[PDB]
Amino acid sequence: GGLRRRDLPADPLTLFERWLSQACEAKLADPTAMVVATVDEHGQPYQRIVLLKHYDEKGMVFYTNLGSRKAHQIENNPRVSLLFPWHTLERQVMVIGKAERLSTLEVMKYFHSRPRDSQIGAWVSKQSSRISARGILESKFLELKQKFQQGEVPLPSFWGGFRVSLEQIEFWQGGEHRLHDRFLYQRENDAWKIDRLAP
């Protein structure tokens, strides 16, 4: 019970790892689910949940449709925010950094790993665009589910991924009487500067 500075690891990822791990066993729904916030050209923020798929010193990775809104927004402003809503476990992890596209080699590797039906589904949806009916989706799906016959199901060209850099990582943990613990790890030079923040 409690979050004291003296217990903090030098690498915020160590702490994130332990927290991610504990969330998984705690059986949280989609412990890897995180809210990614992006900003459009008019300064208006936008949010949606995506799944964390990989992470290391280079940043956190998620995959998405390259014609989607989050994608157009990242292209005009690569500054993003990630928030892991683990409040059932009285925790929050917020990441701040820049989103950079993944090479086709990486994207390719991950795509040919997800459920065959999900690969077909990736083809079906022109993510974020306005469609006149649900049926359009259902048609295309069956029209491909068999057209591909599953021969391998090709990687759609409009399917990609992003790696968000770690410029800042904030940890929040529930505190009694409303006094929560907050620590901000801030990438500075070749290291991490840590500061406690008032709740």
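All residue numbers are counted from 1 along the displayed sequence. Only the largest set of C-alpha atoms that superpose within 1.5 Å between the two forms is called the rigid core.
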The stretch that moves more in 5 other deposited structures of this protein, judged by RMS C-alpha distance from this form after core superposition, 170 to 178 or 66 to 74, is 170 to 178
Mean C-alpha temperature factor, higher of 180 to 188 and 19 to 27: 19 to 27
Averaging C-alpha B-factors over each stretch, which comes out higher, 66 to 74 or 134 to 142? 134 to 142
Residue with highest C-alpha B-factor in the PDB entry, from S103, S129, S118, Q92: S118
Check the PDB entry and point out which of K147, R163, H42, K53 has the largest C-alpha temperature factor. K147
CA B-factor placement of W86, once the chain's modelled residues are sorted into thirds: middle
Lowest, middle or highest third: where is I194 by C-alpha B factor in its chain? middle
